[PDB]
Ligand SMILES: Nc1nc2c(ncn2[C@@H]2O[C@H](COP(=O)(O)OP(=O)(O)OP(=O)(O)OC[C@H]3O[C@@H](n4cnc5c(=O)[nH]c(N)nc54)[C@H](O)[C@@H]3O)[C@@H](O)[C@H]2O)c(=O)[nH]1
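Listed next as structure tokens is one chain, alone, in the form solved without this ligand.
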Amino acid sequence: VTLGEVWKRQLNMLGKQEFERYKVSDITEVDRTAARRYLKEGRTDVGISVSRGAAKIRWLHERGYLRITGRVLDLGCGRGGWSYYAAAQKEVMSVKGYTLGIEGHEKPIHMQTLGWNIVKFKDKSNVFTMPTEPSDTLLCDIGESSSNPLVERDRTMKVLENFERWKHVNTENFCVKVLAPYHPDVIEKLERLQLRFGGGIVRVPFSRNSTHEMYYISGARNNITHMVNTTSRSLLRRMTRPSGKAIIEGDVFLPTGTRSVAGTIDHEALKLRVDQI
């Protein structure tokens, strides 16, 4: 019924070569070659990003869709790509990342990119059921794809409901993955959230054409139905005429080091934190 649902049915009918060509058509992509090398080598002395996901948050932040400041919460942090990016940012004071890190889920990776000392990770943590805590900036990149669009609908709904559960009065800045934005139920939820919290929905150009994912963000106001329909039409237009060519951009490289921005650096506690990771 929706253009998004047409997109998804068509996506899963594409051949091997066709799917691969389509997936990258006209998208933006970071070259991960260097980072992947240092990660297999196991270096912790190079300021690399632990995942391709850091490119998405960098785009949102640099474009001005999201201010990243104060106490940052990262729900579903995985390896920690968004957490480490946030920690490196001038106005950020602390970062707390929570993730499952159980079988078949990514655990947080230890890295020493700038502000690694103000990042705390906790795995074995289900963000849908655990106690909440305040944040000035609330990030959530949760939304696992499925061949069943109704499963994706329900997953997206859960993410948006849990966002509202975590959001505090001071949570002025936010960025929440919307896995399957085109379902009428999801549009309705987002419209109702927007009525209370403002914000808007955006498509990140680093997202592959094989996902309809969009991000509910604090830093822009727009028409939800319009933005979603525009993305559906773009994905369908790219499918009819696939370039097979991505725009390559430089990876998220960060400086390394600790940040002092009340207490002096507790290197003894830091070692133990790193030991546990």
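Between two forms, the rigid core is the largest collection of C-alphas that superpose within 1.5 Å. Heads up: residue numbers just count along the shown sequence, starting at 1.
Colleague: Do you reckon 114-122 or 100-108 strays further from the shown form in 5 other deposited structures of this protein, measuring C-alpha RMS after a core fit?
Modeller: Once the core is superposed, the stretch further away in 5 other deposited structures of this protein is 100-108.
Colleague: Find the stretch among 34-42 and 55-63 with the larger RMS C-alpha deviation in 5 other deposited structures of this protein, all structures being superposed on the shown form by the rigid core.
Modeller: Per-stretch check in 5 other deposited structures of this protein: the more divergent one is 34-42.
Colleague: Which class fits the unmodelled deposited stretch between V261 and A262: none, 1 to 3, 4 to 9, or 10 or more?
Modeller: The entry has 1 to 3 unmodelled residues between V261 and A262.
Colleague: Pick between 103-111 and 158-166: the one whose mean CA B-factor in the entry is higher.
Modeller: Averaged over C-alpha atoms, the B-factors run higher in 103-111.
Colleague: Taking the recorded C-alpha temperature factors, which stretch has the higher mean, 27-35 or 212-220?
Modeller: Going by the record's values, the stretch with the higher mean is 27-35.
Colleague: Specify which of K177, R203, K124, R153 carries the largest Cα B factor in the deposited PDB entry.
Modeller: Highest CA B-factor of the listed options: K124.
Colleague: Using the temperature factors in the entry, find which of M227, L235, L60, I247 has the highest value at its Cα atom.
Modeller: The record points to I247.
Colleague: Using the B-factors in the PDB entry, rank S51's C-alpha atom against the chain and give the third, lowest, middle or highest.
Modeller: Highest third.
Colleague: How does the C-alpha B factor of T69 compare with the rest of the chain: lowest, middle or highest third?
Modeller: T69: CA B-factor falls in the lowest third of its chain.
Colleague: Relative to the other modelled residues in the chain, which third contains the C-alpha temperature factor of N12: lowest, middle or highest?
Modeller: Middle third of the chain for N12's C-alpha B-factor.
Colleague: For the chain shown, is the CA B-factor of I187 in the lowest, middle or highest third of its modelled residues?
Modeller: For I187, whose C-alpha B-factor we compare with every modelled residue in the chain, the answer is the middle third.
Colleague: Place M93 in the lowest, middle or highest third of its chain's C-alpha B-factors, as listed in the PDB entry.
Modeller: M93: CA B-factor falls in the highest third of its chain.
FYI, the form deposited with this ligand bound isn't displayed, but the following is about it.
Colleague: Does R36 reach this ligand in the deposited bound form, with heavy atoms at most 4.5 Å apart?
Modeller: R36: contacts this ligand in the deposited bound form.
Colleague: Considering non-hydrogen atoms and a 4.5 Å limit, does this ligand approach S145 in the deposited bound form?
Modeller: Because a heavy atom of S145 falls inside 4.5 Å of this ligand in the deposited bound form, the answer is yes.
Colleague: I'd like to check something about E249: if you look in the deposited bound form, is any of its heavy atoms closer than or equal to 4.5 Å to a heavy atom of this ligand?
Modeller: Residue-level check for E249: no, no contact with this ligand.
Colleague: If we define contact as a non-hydrogen atom of the residue within 4.5 angstroms of the partner, is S260 a contact of this ligand in the deposited bound form?
Modeller: No, no contact at 4.5 Å.
Colleague: Taking a heavy atom within 4.5 Å as contact, would all three of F19, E29 and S210 count as contacting this ligand in the deposited bound form?
Modeller: Checking in the deposited bound form: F19, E29 and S210 are all within 4.5 Å of this ligand.
Colleague: Among the candidate stretches 147-155, 110-118, 194-202, 86-94, which one is within 4.5 Å of this ligand in the deposited bound form when only heavy atoms are counted?
Modeller: The contacting stretch here is 147-155.
Colleague: Determine the residues of 45-70 with a heavy atom within 4.5 Å of this ligand in the deposited bound form and present them in sequence order; the list may be empty.
Modeller: Result: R52 alone.
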